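These notes concern the structure reproduced below.
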Protein chains: 4
Amino acid sequence: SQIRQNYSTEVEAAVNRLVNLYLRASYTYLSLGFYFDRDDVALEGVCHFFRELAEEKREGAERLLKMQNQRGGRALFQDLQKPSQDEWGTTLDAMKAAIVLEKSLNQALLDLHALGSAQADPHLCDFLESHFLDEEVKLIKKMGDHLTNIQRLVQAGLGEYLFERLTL
Amino acid sequence: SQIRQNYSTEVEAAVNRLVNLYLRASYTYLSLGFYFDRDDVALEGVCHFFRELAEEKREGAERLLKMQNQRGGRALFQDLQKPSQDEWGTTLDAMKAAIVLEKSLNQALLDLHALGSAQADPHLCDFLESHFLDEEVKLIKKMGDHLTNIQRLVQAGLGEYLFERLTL
Amino acid sequence: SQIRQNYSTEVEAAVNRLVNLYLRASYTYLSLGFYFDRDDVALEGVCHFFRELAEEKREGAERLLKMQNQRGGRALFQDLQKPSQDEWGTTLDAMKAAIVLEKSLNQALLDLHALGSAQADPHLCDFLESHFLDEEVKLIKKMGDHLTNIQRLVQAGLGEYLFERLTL
Amino acid sequence: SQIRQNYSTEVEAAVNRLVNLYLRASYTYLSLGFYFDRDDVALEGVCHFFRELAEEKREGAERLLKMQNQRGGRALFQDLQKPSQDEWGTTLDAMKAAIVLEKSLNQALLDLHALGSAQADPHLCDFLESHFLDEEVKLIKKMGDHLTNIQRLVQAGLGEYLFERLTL
Ligand SMILES: *CC(F)(F)OCC(F)(F)F
Ligand SMILES: *CC(F)(F)OCC(F)(F)F
């Protein structure tokens, strides 16, 4: 590419992998959201919480793709695997799966940062530090807070209703 | 001091002690607030309640310091001891510790008032009666009200959540 | 902590130390401010300059504490030592002590950054670079500018009055 | 008087004396103000400072007279002695005389408070504490601040001009 400068093939490939990860995460949240929209689950605040996250993760993928083109890398898309579950259980079960998912995204961001440091790619470093790293830390904190409140409320049916009504 | 009039050394020293007490109280509320911000505690209304009190106590210290200078006394600062606990337990535990703290501040205000009366210092009397005594009485009443509601709600996890959501 | 990821015990402890440093700095500026409010010193612009800095340093401590909780670290508070002086001399003396204080905070920030780099903690790096490092550089520059103007003005009483009136 | 209750003859007489003192003080400030309006003195900010105080002291007398009637006491007016000087020297000389004057008013307020305490007259106590005691403390502090700045500026002609221009 005529514009490519200081952009390693290793980072280019890792950015493509991270896009697949973010799109996978968006798909997982789409599934979570619609599960809570089921007439036999029916927790609107939980559905909305996850649908909002689906959007956020899709936007993350799009930010990575824009950056890939800015650096003169080439987007390569792969199959997107279906979410790990078809049914997500209680709000607690779902929030547990969500924090696991966010930690995996966070670790992937940290790995990419490490790669960028190794390749002396300060533009990549800044990009991740600016658009991703703190967003992830904040989200994981919020999920931790929710998990604690969910667990304090477990009795169980009453707690799930109240959390959806009064927190979400 | 060129401006000093009817301002005893005993009151000057007691005012300095009271400043240390108010700053200690601010520090204790800072600790309480951040404890409730922990991801494994996560009671936002409780955190906000105590952070607001940290501010109020700091402002009290500043009011005392301004008055000290107005009277021609000299501010003398001492080490500030760390709060009595690192972890504050339940909302109930915390509110109990808070009312204990406020009663100690109140007693210190009353002792200073008594000292002012003994020294026939009506400006000091007015200062305390105007800026501190009723504020303390009102705060202690509010904490008493909270304690009663907390105790009525104790089961326990559900009660703590509901109090934070619906009162704080 | 359920949320903790890539957050070393070394950084957690250093963050706690830095909180103590910032609170110490706030206390030092509180003392500086009220000294200049003395009827026998009476430099209102100087008092306001330092009282504003007390607030800024307290806010820095609070930012560090919020971050500590975001990362799943645990705030640990220690005794706060009293400021190094009870009386602060001239505006020049005070500004000299202030720049010494800011340089020590700056060095502590740089040490923490180095620690973060060694622990490959890019979130910490970004946090410090975003909220602290440039604020410190700007503040130290402003103090340097003031010192130069103060020194140019030293005769002495006239210079101190004019600097307070026309710069502060 | 049909309305008189718990109002001693001693307090009634002391209130009349205090009125004479406040009117004397107003007259002294009138003289100070017009001295600084002299073409051979010509310090407008100083003239305005003292003319404002003349008004404040007259208003104090009027407040005391209103209170006297509220309590069913009887106003008794006496000759008003002329101010202690015809010419007031420098700004420094004048401010020195002003702080002496304010301290004498303050002492008179404190004596009246003591008298009220001895006569168990809480309405009088409140009246003085509310309308006079803190006003006096604040004024004396401000004069102390001015004296310090004046003295720092003394060379002499330049200092007097600058203080009038930049503080008053
Ligand atoms: C965000 C989600 F995965 F759901 O959607 C991805 C795509 F299919 F591209 F819309
Ligand atoms: C900022 C200062 F140190 F002054 O205050 C600290 C605390 F005591 F916590 F208010």
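Just so it is clear: chains get the letters A, B, ... in the order the sequence lines come, proteins before strands, and each one is counted from 1. Basis for what follows: all heavy atoms, side chains included, without hydrogens, waters or symmetry-related copies.
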Inset, instruction - Please check if atom NE2 in C:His113 has more than 12 non-hydrogen atoms from other residues, nucleotides or ligands closer than 6.0 Å. - result: yes
Inset, instruction - Give a yes or no on whether C:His48 atom NE2 has more than 12 heavy-atom contacts from other residues, nucleotides or ligands under 6.0 Å away. - result: no
Inset, instruction - Check whether the side chains of A:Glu129 and C:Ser130 place a donor and an acceptor atom closer than 3.5 Å, and report yes or no. - result: no
Inset, instruction - Please indicate whether A:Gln85 has more than 12 foreign heavy atoms, meaning atoms of other residues, nucleotides or ligands, lying under 6.0 Å from its CD. - result: yes
Inset, instruction - Could you tell me whether C:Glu55 atom CD has more than 12 heavy atoms of other residues or ligands within 6.0 Å of it? - result: yes
Legend entry - Part of C:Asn69 within contact of chain A (heavy atom distance under 4.5 Å): both
Legend entry - NZ on A:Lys141 to NZ on C:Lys66, rounded to 0.5 Å: 9.5 Å
Legend entry - A:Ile99, part contacting chain C, at a heavy-atom distance under 4.5 Å: side chain
Legend entry - A:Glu10 atom CD: more than 12 heavy-atom contacts under 6.0 Å: yes
Inset, instruction - Run through A:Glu136, A:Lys103, A:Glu102 and flag the one making a side-chain contact (heavy atoms from CB on, under 4.5 Å) with C:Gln5. - result: A:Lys103
Legend entry - A:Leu133 and C:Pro122, any side-chain heavy atoms less than 4.5 Å apart: yes
Inset, instruction - For a side-chain contact (heavy atoms from CB on, under 4.5 Å) with C:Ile3, tell me which candidate from A:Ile140, A:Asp145, A:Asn106 qualifies. - result: A:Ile140
Legend entry - A:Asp79 CG: over 12 foreign heavy atoms closer than 6.0 Å: no
Legend entry - Heavy atoms of other groups near A:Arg51 CZ, more than 12 under 6.0 Å: no
Legend entry - From C:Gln70 atom CD to A:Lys142 atom NZ, the distance as rounded to the nearest 0.5 Å: 12.0 Å
Inset, instruction - Could you check A:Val137 against C:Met67 for side-chain contact (heavy atoms from CB on, under 4.5 Å), going step by step and ending with a plain yes or no? - result: CA-CA 9 Å; A:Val137 158; C:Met67 182 274 288; over 6 Å; no
